[PDB]
Amino acid sequence: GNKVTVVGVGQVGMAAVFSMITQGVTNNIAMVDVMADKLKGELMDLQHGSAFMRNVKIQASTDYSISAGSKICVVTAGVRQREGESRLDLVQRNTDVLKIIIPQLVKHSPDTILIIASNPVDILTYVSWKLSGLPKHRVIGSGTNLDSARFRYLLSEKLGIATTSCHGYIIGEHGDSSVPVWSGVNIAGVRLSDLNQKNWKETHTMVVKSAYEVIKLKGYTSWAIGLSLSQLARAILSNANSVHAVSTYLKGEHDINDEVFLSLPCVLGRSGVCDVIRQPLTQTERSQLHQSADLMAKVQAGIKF
Amino acid sequence: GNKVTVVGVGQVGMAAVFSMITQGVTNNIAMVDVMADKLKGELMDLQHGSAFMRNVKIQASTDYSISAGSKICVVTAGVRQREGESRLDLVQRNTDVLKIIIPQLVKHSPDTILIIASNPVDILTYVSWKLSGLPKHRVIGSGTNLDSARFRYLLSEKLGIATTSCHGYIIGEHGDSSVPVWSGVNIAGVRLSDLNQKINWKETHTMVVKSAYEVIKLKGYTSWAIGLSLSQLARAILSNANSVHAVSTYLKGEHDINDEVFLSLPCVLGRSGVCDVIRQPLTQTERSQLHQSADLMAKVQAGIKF
Amino acid sequence: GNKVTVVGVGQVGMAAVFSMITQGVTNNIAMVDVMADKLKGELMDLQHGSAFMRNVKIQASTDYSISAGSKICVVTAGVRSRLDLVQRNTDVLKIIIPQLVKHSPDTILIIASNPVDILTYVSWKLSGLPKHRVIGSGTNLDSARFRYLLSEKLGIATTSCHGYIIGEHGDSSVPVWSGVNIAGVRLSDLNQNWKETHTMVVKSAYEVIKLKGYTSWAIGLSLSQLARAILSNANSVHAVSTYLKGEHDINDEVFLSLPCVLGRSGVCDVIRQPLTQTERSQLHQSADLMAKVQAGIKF
Amino acid sequence: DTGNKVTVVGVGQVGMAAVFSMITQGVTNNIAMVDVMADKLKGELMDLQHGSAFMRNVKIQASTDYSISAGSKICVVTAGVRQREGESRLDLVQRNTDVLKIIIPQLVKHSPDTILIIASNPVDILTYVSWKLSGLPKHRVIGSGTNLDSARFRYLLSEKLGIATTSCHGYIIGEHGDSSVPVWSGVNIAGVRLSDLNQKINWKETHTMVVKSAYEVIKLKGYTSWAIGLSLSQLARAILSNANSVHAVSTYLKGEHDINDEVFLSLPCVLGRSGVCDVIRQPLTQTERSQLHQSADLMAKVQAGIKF
């Protein structure tokens, strides 16, 4: 009832699996990738570590039949952009990988929920949704969940107040164009303009600026997205109805008419997206969302399915 | 540096002790009361189950010396209201008990923080503060902390959304006249006036207060819920969390209140006690209710024989 | 499914429920007793505390129908000559047990009423359930405290001190010294008297009742541990009152504690310890006496 | 406050798995990472901080300057080379010793009261090398040794029997790897020795599986990371929490089991805040003693060829 499949045993996929099994998110994991020896090595390494825990089942194979009956499939596979490759060509090369992966996941787990983590995550969540044939509420992307959490942490740190009392989200397109919803940020219910306790825009820039600096320094990110994926899996498996900013089907919210995926705070539970939190955005916040959706729709129109 | 004393091994005090040691809040607990056999029996019952919890040092005695060096003293000792007993009579009977307890705690733990959990909690937090001689930020009462948790739970149940995204506080005087700060309620950053979700409101607060009294009417007392509440408050302080909790706190100087009373406000709690008070922009109706409660509290305080 | 019903909302029953909900053993609890106002009072007190926790379902009623579909039913209800005391508890259980089995035919029974061994036998017989689906709290608590105190004396963590008390709960229980080891080293071999540790574990248990009137926290924690083992399918080993006939050359159909492997189906297996003649004679002496008392019970 | 400060040396796959294990399992809230790769250190630091909302509050430092390790209670040493094709044991030991000659004096310079946990391979010899280089008391230097293999051993016994690992007891001791010693004389299930077991749900195969599967991991991905990271986190917790729990770790062996060689090999040790508080003295059989003595003999000879 709690089986999770992770596709891709690179840095992100292995950090996701390891976060999930050690944080007790699930005790039933499958890993799929194309490199048989690497897959078996990671499988055996984790099973040797399972020694420290109780009842953890791990499987791994190049054969997607190993994923059968998964409640969630987490997709981390993709390609890195080549120098001088266009944005559309990079999306298409990832799409061609997902053409192979996505229908196989659904064939073996027709009731699954998909969580897409491959970059660029918003358009590849749309692509995976289209390829899946699944309902819109059963396909999400890791989106801005990690950035929103780090945002709240940094606000909490500046204020000397626990993160559990500092509330707010980053929405929209993952990365530099994402939208800090300052109009909803509040500390114990007090909006920032109202704070009388014992500029801020840099905090958003910092969060999206640190994320790209990691890749330049160590070549990739792994731990933070791994923890974010583990949190999203827990919310779904435990039927938490907790709220997470994740890439989600956007058309029909915020006057957006383009069929795209961008991050919004979503109520997540066993059926997937139960509802989206409808934030009263300012016109400035809304216009940025619309601009991201328009540009993303234009790239999507060029994808060859 | 994590020692907690619990005064009173009645239902509330034992639920607090059990909550703290089974949830890892502290590993160093002292229980004080006047009932020597009951203290020893509770001590030995908790010790008999030692293999089923983290290692903990537990002491129990009628001698307050075992409380020496406590970071927090949780005071749950007191009487239960008698049939027809007036508020003044009940306050004075509890004050008489506190006159014995409080100076002994402060003698052995001059640097302690007091958490008062006897009813009526707001006035008895004031009494304990006045008797203790301690700084105002080092004496709090359980206040509306549990009421506020229940408030957010009932919002969560009505909306189908986890309590971790349903935000709001009940402030003021614990009980029928407490104040739901509707103006600050928000769901994932969305005020109620702007809420547009798939899955009236004022009933929720009435449900919190009516069900609270119904517990006391049916079994005679509350124990489990308040025990968990006190364990959460102790955790916030011991762990230096700077988390926000609605607790009975020194009110003069907040919201233009000039009465030296204690009522609940959301407090930032850490190792020093109350680090700060969250200053909510109250509506006129919310503010006037707080003021009326403060005025009535001052009048009852003037009748207490110290 | 993880629904647990606790029968009896006295001190032991409430301590078991509170341990289970706060230690995360289950999020689906039902409580049955005969006093409705006390029942709703406890229900509501726990529900208001669940405000601090995620999705916990609690029900409480004098009607056994609210126990329907329980994976485990924990029975703490009892009454305060020894045959007459056993008879009065049997009459109470004559009403309780058939109703529990009616509403949860696939349930496992954990009996906590005293005297636990004979009342586990009585519950099993009244239940019509397979022997592997009815256990008693038995010596599980005393064994755990025994290991803790050995560890404390040796200055080594309890997780490396191993051993069990078996047999009849209380003064006649059997410390199985032949199986006690520290990191795989038997006590006679330790290169880094003892009987007093067993005596004090059973002496302490009775001292608590004289001092505060009852025990609650320790047995509550023990019951929570047994429930977790069953619900999580741990196959962990716990000394519990269990069907004895056929083990250790016992021919009488009685219940006493042995270390049992506990999982989703109940007792998966019994750990078969090589007992000394003294250890086995004590077990047989207890079984012999239990058979004679059971022979006088009017069902 | 550095009361639980851990330094991890080396931010390769082992060191990062140890760091991540410790901070996400709450073992310590104060960690320092030291290596020679400035950018990698900063990237790992920032990656872990980026995920700060998803773990308990923690102070993380990372630097090529060992000054950041000052006041560490434990230093976990994972830096080292990977054996090259055809490389002799002597050559591999000396290449790792060259690295430790740099690392160990710097650790004890900045944390004179620290405990060392050595995790580079070959762990038993390199624990001896680190002890000699550190000048620390014998009970304050240990190696990861056979702790993980003992846990896997107990897990395999548990899987064979259908009984939780918490009731399957036993240790592998001696030299980590092919020559390690399963202490069959001390293996027991809920207090019952294997020769007495009569339960519902070839024994030697279990130890062979543990050693052969460990080698296979290294052949397939090139290294182990997740399992050893969890093992190191468990050892750190035992020491930091003063647990006095028993772990098979590489430890000073002279004077135990009639061994006269100043070597390190794994024995079950009681671990707490002072380091090794005591060694569990198992009544080993002739065969178990023979294997342990042979490993100690050979290890003394390898140690004699090390150039300090």
Side-chain angles (χ1 to χ4, degrees), chain B residues 9 11 14-15 17-19 21-23 35-53 55 60 145-157 162-164 208 211-212 215-216 218-229 231-232, chain C residues 9 11 14-15 17-19 21-23 35-53 56 140-149 151-152 157-159 161 201 204-205 207-209 211-225:
Chain B
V9 291
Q11 299 85 349
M14 288 317 297
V17 173
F18 191 71
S19 294
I21 66 184
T22 60
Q23 292 191 140
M35 299 171 69
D37 283 349
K38 166 78 146 161
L39 285 157
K40 187 175 176 191
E42 297 290 359
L43 171 65
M44 296 186 63
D45 199 5
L46 295 175
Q47 287 174 339
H48 195 185
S50 59
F52 300 133
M53 64 183 58
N55 288 341
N145 185 59
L146 179 58
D147 297 323
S148 294
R150 262 244 295 299
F151 188 52
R152 299 184 292 263
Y153 171 86
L154 294 172
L155 299 173
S156 160
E157 283 295 292
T163 69
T164 47
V208 169
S211 65
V215 173
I216 295 178
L218 286 168
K219 46 180 278 186
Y221 57 97
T222 173
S223 54
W224 306 114
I226 177 66
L228 289 174
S229 182
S231 183
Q232 169 191 90
Chain C
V9 294
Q11 305 285 345
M14 286 322 293
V17 173
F18 194 68
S19 303
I21 53 187
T22 64
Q23 287 180 318
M35 313 149 47
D37 287 2
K38 164 77 179 181
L39 257 168
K40 183 181 175 196
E42 299 298 337
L43 177 61
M44 292 183 59
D45 206 5
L46 293 177
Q47 286 174 336
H48 301 174
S50 81
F52 291 110
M53 336 188 283
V56 171
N140 181 65
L141 168 66
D142 283 357
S143 290
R145 179 61 171 170
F146 180 68
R147 295 188 297 270
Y148 180 103
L149 288 172
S151 133
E152 183 162 65
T158 314
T159 50
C161 303
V201 170
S204 286
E207 303 313 331
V208 166
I209 290 154
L211 289 163
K212 57 174 262 182
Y214 58 88
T215 168
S216 61
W217 307 115
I219 176 68
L221 286 161
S222 184
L223 292 171
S224 187
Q225 176 192 74

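These values consider heavy atoms only, across backbone and side chains, with no hydrogens, waters or symmetry-generated copies. Letters A, B, ... are given to chains in the order of the sequence lines, protein chains preceding strands, and every chain is numbered from 1.
For C:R145 (side chain) and B:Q47 (main-chain N/O), a donor-acceptor pair under 3.5 Å exists by modelled atom type.
Both the backbone and the side chain of C:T22 come within contact range of chain B, with heavy atoms under 4.5 Å apart. Of the two parts of C:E42, the backbone and the side chain both hold a non-hydrogen atom closer than 4.5 Å to a non-hydrogen atom of chain B.
Between chain C and the options B:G227, B:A149, B:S50, heavy-atom pairs under 4.5 Å are most frequent for B:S50. Taking C:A36, C:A15, C:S222 one by one and counting their heavy-atom pairs under 4.5 Å with chain B, the maximum is reached by C:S222.
Partners of B:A225 according to the side chain to side chain contact (heavy atoms under 4.5 Å, CB included) rule, which considers only residues two or more places apart in sequence or in another chain, are B:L146, B:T222, C:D45, C:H48.
The side chain to side chain contact (heavy atoms under 4.5 Å, CB included) with C:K212 is formed by just one residue from the set B:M14, B:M44, B:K38, B:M35; it is B:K38.
In this structure, the separation between CZ on C:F18 and OG on B:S223 is 8.0 Å, given to the nearest 0.5 Å.
Shortest non-hydrogen contact noted between B:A51 and C:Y148 is N-CD1, 4.0 Å.
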